[PDB]
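Okay, here we've got a single chain as structure tokens, the form deposited in one PDB entry, with questions on binding and movement later.
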């Protein structure tokens, strides 16, 4: 998955998330065209496949011809009552896309972090099953402690949690941020 955010001079905007699913998709590359094919079929559930200990498959997301599989993606645009864009945000990475997008919003809209901080701030994730809270390695350790005393099991992400690209309206114009976890930078004028 890859996320990108765009705001044009006239204030119109695009939030776009695109994906071939897992890293290098199906691992099938065309020797002639060079196209790398997705493995999006993996995003369906199958009665024959168990992905987590004790997790049954979800009938609503079973394969049928012509059906689209469920996705974690959620490219989002927030606009103010006056019709002007406030935030353009989305994420890539895994099941953690949705939670990371929520965090970016919470961080900017509520905690008051500027867009770069909102993107760079440590994240955490919980998706009910597995029954564990994953936190990034530089999270405030008082938070880890607050979670464990409330009986959460926490574990440290081996790498990083999701990838967020964002744009927010400021008094000085459009502030943009790309996530250092993947190595992006924005551009504008």
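Positions refer to the first chain, counted from 1. Residues that one form lacks are left out of the comparison. If you superpose the two forms and keep the largest set of C-alpha atoms that fall within 1.5 Å, you have the rigid core.
Asker: Which is higher in the entry, the mean Cα B factor of 36-44 or that of 58-66?
Answerer: Stretch with the higher mean C-alpha B-factor: 58-66.
Asker: Out of 13-21 and 173-181, which stretch has the higher average CA B-factor listed in the record?
Answerer: Result of the comparison: 173-181.
Asker: Tell me, please, which of 71, 99, 84, 76 has the highest C-alpha B factor according to the deposited entry?
Answerer: Most elevated C-alpha B-factor of the set, per the entry: 84.
Asker: What third of the chain, by the recorded C-alpha B-factor, contains residue 133?
Answerer: Middle third - that is where residue 133 ends up once the chain's C-alpha B-factors are sorted.
Asker: Test of reading the entry: by CA B factor among the chain's modelled residues, which third contains residue 126?
Answerer: Ranked within chain, residue 126 CA B lands in the lowest tercile.
Asker: By the recorded C-alpha temperature factor, relative to the other modelled residues in its chain, which third is residue 161 in?
Answerer: According to the entry, residue 161 has a C-alpha B-factor in the chain's middle third.
Asker: Ranking the modelled residues of this chain by C-alpha B-factor as given in the entry, is residue 151 in the lowest, middle or highest third?
Answerer: Lowest third - that is where residue 151 ends up once the chain's C-alpha B-factors are sorted.
Keep in mind the form deposited in another entry is missing from the figure; the text below concerns it.
Asker: In a fit on the core, which one among 155, 138, 68, 51 has a Cα that moves 2 Å or more between the shown form and the other one?
Answerer: One residue passes the 2 Å cut-off, namely 51.
Asker: Send over the list of consecutive residue runs, 3+ long, where the C-alpha shift is 2 angstroms or more at every position between the shown form and the other one on a core fit.
Answerer: Three-plus residue run displaced between the shown form and the other one: 48-55, uniquely.
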